[PDB]
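Take a look at the structure set out below.
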Amino acid sequence: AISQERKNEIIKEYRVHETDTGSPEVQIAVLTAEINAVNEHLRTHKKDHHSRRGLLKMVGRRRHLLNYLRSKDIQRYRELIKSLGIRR
Amino acid sequence: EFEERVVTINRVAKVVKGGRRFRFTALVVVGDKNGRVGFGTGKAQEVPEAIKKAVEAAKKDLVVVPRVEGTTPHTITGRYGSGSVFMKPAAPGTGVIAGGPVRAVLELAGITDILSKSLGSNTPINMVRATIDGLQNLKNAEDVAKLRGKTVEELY
Amino acid sequence: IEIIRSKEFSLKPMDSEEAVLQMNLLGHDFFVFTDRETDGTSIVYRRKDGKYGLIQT
Amino acid sequence: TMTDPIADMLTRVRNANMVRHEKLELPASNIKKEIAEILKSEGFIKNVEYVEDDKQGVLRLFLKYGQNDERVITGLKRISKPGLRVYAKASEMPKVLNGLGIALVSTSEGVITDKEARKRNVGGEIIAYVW
Amino acid sequence: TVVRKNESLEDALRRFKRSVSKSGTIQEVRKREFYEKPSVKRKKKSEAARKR
Amino acid sequence: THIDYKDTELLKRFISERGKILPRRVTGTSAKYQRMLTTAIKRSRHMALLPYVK
Amino acid sequence: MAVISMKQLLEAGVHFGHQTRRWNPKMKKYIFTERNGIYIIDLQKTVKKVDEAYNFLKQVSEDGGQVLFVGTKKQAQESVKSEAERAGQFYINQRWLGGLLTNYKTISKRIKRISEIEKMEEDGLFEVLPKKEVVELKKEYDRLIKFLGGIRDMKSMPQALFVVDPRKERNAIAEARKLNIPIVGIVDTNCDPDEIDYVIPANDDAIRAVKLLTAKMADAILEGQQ
RNA sequence: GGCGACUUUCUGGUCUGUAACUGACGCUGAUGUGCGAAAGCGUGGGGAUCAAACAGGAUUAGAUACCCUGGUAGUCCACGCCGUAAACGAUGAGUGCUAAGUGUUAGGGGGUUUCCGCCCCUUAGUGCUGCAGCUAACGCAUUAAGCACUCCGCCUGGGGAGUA
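This is the structure we're talking about:
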């Protein structure tokens, strides 16, 4: 995946307050790092199908948290789409 | 004193290298029209001796049938394998309505007024045992209040 | 070669009188048990004498 | 992700009854507490106990058995359920086992027994059959 | 591959007959006398292990 | 501990009298020791510290 | 006085049970603890059971009934014959014959024989017989008193039964529950207490655990007579 | 489905323990969209063994079978297809609850201490026995085919037929 110093870096910007990892927008950002890391691996390795349902599962766990985040505050959802580029 | 009643006699032969066999078996229902009924089977070759083999075999297993008078206490379904009878209480002037084998196990205890229908399978061995197993699991109003700890008027 | 047939037994606590009883009920010349009061492993055996001997291990 | 709480309560009670257990504990609720409170008032269990823990405090049941090693609750059936909720008016509010067993019913007064719903003339969601 | 000397030939055979039986030569080439199916040796090894 | 693939003397008591592998049935080692052994016995076959057959 | 005292009860060694890995989970009530692969039977609670075993067996013989004693475990065979003679009851040493409580309309057919075959050679009708027919008439004679030796003078059904082990004598206990005969027995680990109505938790593979426990139950009927 | 030399790079999942954090974010899932043994098919490679078809020699009462010699596609790789198997634990997924005994795999906490070896408890796998309960019977039985609740697929006589 990604290294811990890469992983601990990306939980600094989207953190809401100190020692609050596990927040929805701090575990969507680390997914979007892991999404973009593995389909770059999968771009040059097109035959790796067992790693593809690892991608397709964590696509699903990112979508279920974006759909969760709209249900309690919409204005936080609009900020995350602008901060890191997602469609929809 | 007991009241004998047959259900059916069967003509069964097991294949032998020489001459085949002549076993005539029969199941009977034995009751006293007061709340105590048992069944049993008997295998012999002399047919009136094959009956009395099944009558004495019924004598070792008599089940006490609880009763609010002229009917059964509550609504049950008996189960034994595939046979399954239904048993609804009735008014005391309806007449006991039942099938072939289940009428004999219902007349031999004194009820004479209940709704019934033999669901499931059909063979007379199983539905007479799936009725006894139904009548095994009946409860009076007075003995439940002994277990539950209330009185007969507190249950209502 | 010589093949020694093993007879497995599970060690159990009892009186010496009990060990004599159980040994006779099998006719075995050796019975090994843990002594009920001493707690140690004991072997009751029949000597070449015909009398009993008791070994503590 | 168990999807019916007070049916999971009701089969804990049946499975403990089958093996002659006399003591089990539940992840409790209000309706779990007050169904278990209504079985001791009708007299199926011996005594329910306290609710203590920080999250969803447990409670213990103490089943009650006959003196000839018989069991009191013989059969226990959840009738209303998710997907098909059954509701009963007070007119056709049914007697269980020809009036022998009971039927605890959630009405708009808190849940009450089979007896206590007709003379109160209220109906509601009929929860289960206890016999 | 064991050298046996300072004796006769009818005693070097007794070494060599058990220095081959404790080796994967005779039980190996008897296995590969014919191609077995790739899921019947998994049961052949299972029968040669459940009996021990 | 962890088996290093250069430590030949403790690693060649596990090789056979021809170069095969003794099973853990006859040696007596544990499960995870045997397969941490076998990835070290086969890196030592590759760099000629131990043969394939003798 | 009333019960066995605590000293001689554990001196017989009844606190020992069978091995752990050889355990019946229904015997959890009558087990104190585990000590080095063996179970320890609850010694205070079996005193609260052997007095209850003493209470009814007192008053069974008050009615004049006949209590059957059975013992077939090889280290407890002749510890039940000597206690049945002191009690004046009927014993079993050898194996269960397979119907001596249930098909005993064909067993008393042969208890009629043992009342006859020993009469057959004390009088005449013995010199005229062939010398090998003398053998099989005597080879029948000992094999009757092997199995039915303690049922020599018993001509009716019993009213209680006393077993040393429900495991090895499971043929007897299955005939007991069909006849509704009350049952009392020595159980331990690897024994089911469900089929026994009157439970005595005690050791079973020791002689003093039998003999210093089966004697008082044999003594329990004597002061129920008078 | 499957996966067996070894090394490196790239990458997916599970389990254990701690409790910091988020605060029902969950489960199932029609249509849809992707993986899917072998044998096949396409475009090229490569072709050692093995080997349908095929050739020849024997056997037999007879052969196109079995057996033997030889042998092409195939078996192998790369890219597109095909999408079917007794694809089977003939058993959908999820979460609870209900005697025990016993192997073994991956941990953890203990207790002695072992001079690295055991013992007890617990978690997640994987087997073998076996109560209650269940089954039509075989059997299943904390890895249910037991007791429950949710949702999805599917059956309702045998042929005709998985055929028009």
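Residue numbers (the working numbering), protein chains in the order written: chain R, 4 to 91; chain E, 361 to 516; chain D, 29 to 85; chain Y, 8 to 138; chain X, 288 to 339; chain V, 17 to 70; chain P, 2 to 227.
All C-beta atoms in this analysis are idealised placements derived from N, C-alpha and C, irrespective of residue type, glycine included.
Nearest-angstrom Cα separation, counted from residue j out to residue i
i	j	result
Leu31 (chain Y)	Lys62 (chain Y)	18 Å
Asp493 (chain E)	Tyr440 (chain E)	7 Å
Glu21 (chain R)	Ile14 (chain R)	10 Å
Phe58 (chain D)	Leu65 (chain V)	55 Å
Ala404 (chain E)	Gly438 (chain E)	30 Å
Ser48 (chain Y)	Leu479 (chain E)	37 Å
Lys8 (chain P)	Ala207 (chain P)	17 Å
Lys420 (chain E)	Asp154 (chain P)	27 Å
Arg33 (chain D)	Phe61 (chain D)	20 Å
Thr103 (chain P)	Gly225 (chain P)	28 Å
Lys126 (chain Y)	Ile42 (chain P)	56 Å
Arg56 (chain R)	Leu68 (chain R)	18 Å
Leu180 (chain P)	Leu162 (chain P)	11 Å
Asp166 (chain P)	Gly186 (chain P)	7 Å
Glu513 (chain E)	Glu116 (chain Y)	25 Å
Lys50 (chain P)	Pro202 (chain P)	8 Å
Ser70 (chain D)	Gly14 (chain P)	17 Å
Within chain E, partners of residue i - CB distance below 8 Å
i	result
residue 6 (chain Y)	Look at the range of chain Y in this structure, 8 to 138, and you will see that residue 6 (chain Y) is not part of it.
For residue i, the residue or residues it bridges with in DSSP
i	result
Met100 (chain Y)	Answer is none; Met100 (chain Y) lacks a bridge partner.
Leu475 (chain E)	E:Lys448
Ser113 (chain Y)	Y:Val118, Y:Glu132
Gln20 (chain P)	P:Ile39
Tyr72 (chain Y)	Y:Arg78
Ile71 (chain D)	D:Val60, D:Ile83
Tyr94 (chain Y)	Y:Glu132
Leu69 (chain P)	P:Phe91, P:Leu162
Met42 (chain D)	D:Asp63
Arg489 (chain E)	Looking at the DSSP assignment, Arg489 (chain E) forms no beta bridge with any residue, so it has no partner.
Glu32 (chain Y)	Y:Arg67
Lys88 (chain Y)	Y:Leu91
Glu364 (chain E)	E:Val390
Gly443 (chain E)	E:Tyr440, E:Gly480
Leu83 (chain Y)	Y:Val137
Beta-carbon neighbours of residue i, restricted to chain E and to distances below 9 Å
i	result
residue 142 (chain Y)	Since the first residue shown for chain Y is 8 and the last is 138, residue 142 (chain Y) is missing from the structure and cannot be characterised.
Chain-ordered neighbours of residue i on chain E, where CB pairs are closer than 7 Å
i	result
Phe69 (chain Y)	By Cβ distance, chain E contributes nothing, its closest Cβ being about 14 Å from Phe69 (chain Y), past 7 Å.
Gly73 (chain Y)	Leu507
Per-residue contacts from residue i into chain Y (C-beta, under 7 Å)
i	result
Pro449 (chain E)	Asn105
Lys403 (chain E)	By Cβ distance, chain Y contributes nothing, its closest Cβ being about 35 Å from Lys403 (chain E), past 7 Å.
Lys510 (chain E)	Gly50
Beta-carbon neighbours of residue i, restricted to chain X and to distances below 9 Å
i	result
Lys36 (chain V)	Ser310, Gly311
Neighbour list for residue i in chain D, Cβ cutoff strictly below 8 Å
i	result
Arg209 (chain P)	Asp43, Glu45, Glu46
Closer than 8 Å at the beta carbon, the chain Y residues around residue i
i	result
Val504 (chain E)	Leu107
Proximal chain X residues relative to residue i, where beta-carbon distance stays under 7 Å
i	result
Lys70 (chain V)	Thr288
Interface partners of residue i on chain D, CB under 7 Å
i	result
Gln20 (chain P)	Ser38
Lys75 (chain P)	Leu53
Interface partners of residue i on chain D, CB under 9 Å
i	result
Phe17 (chain P)	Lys40, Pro41, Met42, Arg64
Cross-chain neighbours of residue i in chain P, by beta carbon under 7 Å
i	result
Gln50 (chain D)	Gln76
ask   = Using 8 Å as the threshold, is the region 190-202 of chain P in touch with the region 17-33 of chain P, meaning 3 or more CB pairs across them?
value = Yes, they touch.
ask   = Does the region 101-118 of chain Y come close enough to the region 130-138 of chain Y to have 3 or more Cβ pairs within less than 8 Å?
value = yes
Contained alpha helix (DSSP H) runs [length at least 4] in the region 155-208 of chain P, N- to C-terminal order = 171-179
inquiry  = I want to know whether the region 467-482 of chain E touches the region 19-38 of chain Y - three or more CB-CB distances under 8 Å.
reply    = no
Meets three-Cβ-pair contact criterion under 8 Å: the region 38-46 of chain D and the region 205-219 of chain P = Flag = yes, the region 38-46 of chain D and the region 205-219 of chain P touch.
query = Does the region 131-142 of chain P touch the region 98-110 of chain P, meaning 3 or more C-beta pairs lie closer than 8 Å?
reply = No contact exists between the region 98-110 of chain P and the region 131-142 of chain P.
key: Complete alpha helix (DSSP H) runs within the region 379-437 of chain E (minimum length 4 residues, chain order)   = 407-418
request  = May I ask you to verify whether the region 85-96 of chain P touches the region 59-74 of chain P, counting CB pairs closer than 8 Å and requiring at least 3?
outcome  = Between the region 85-96 of chain P and the region 59-74 of chain P, the count of C-beta pairs closer than 8 Å reaches three or more; the two stretches touch.
request  = Report yes or no: do three or more beta-carbon pairs, one from the region 68-84 of chain Y and one from the region 14-29 of chain Y, lie closer than 8 Å?
outcome  = yes
inquiry  = Count Cβ pairs between the region 369-383 of chain E and the region 70-86 of chain R that sit closer than 8 Å; are there 3 or more?
reply    = no
query = When the Cβ atoms of the region 393-401 of chain E are set against those of the region 422-436 of chain E, are three or more pairs found closer than 8 Å?
reply = By the Cβ test, the region 393-401 of chain E is in contact with the region 422-436 of chain E, since at least three Cβ pairs between them sit closer than 8 Å.
message = Closer than 8 Å is the cut-off here; do at least three beta carbon pairs connect the region 442-454 of chain E with the region 475-490 of chain E?
response = The answer is yes - the region 475-490 of chain E touches the region 442-454 of chain E, with three or more Cβ pairs under 8 Å.
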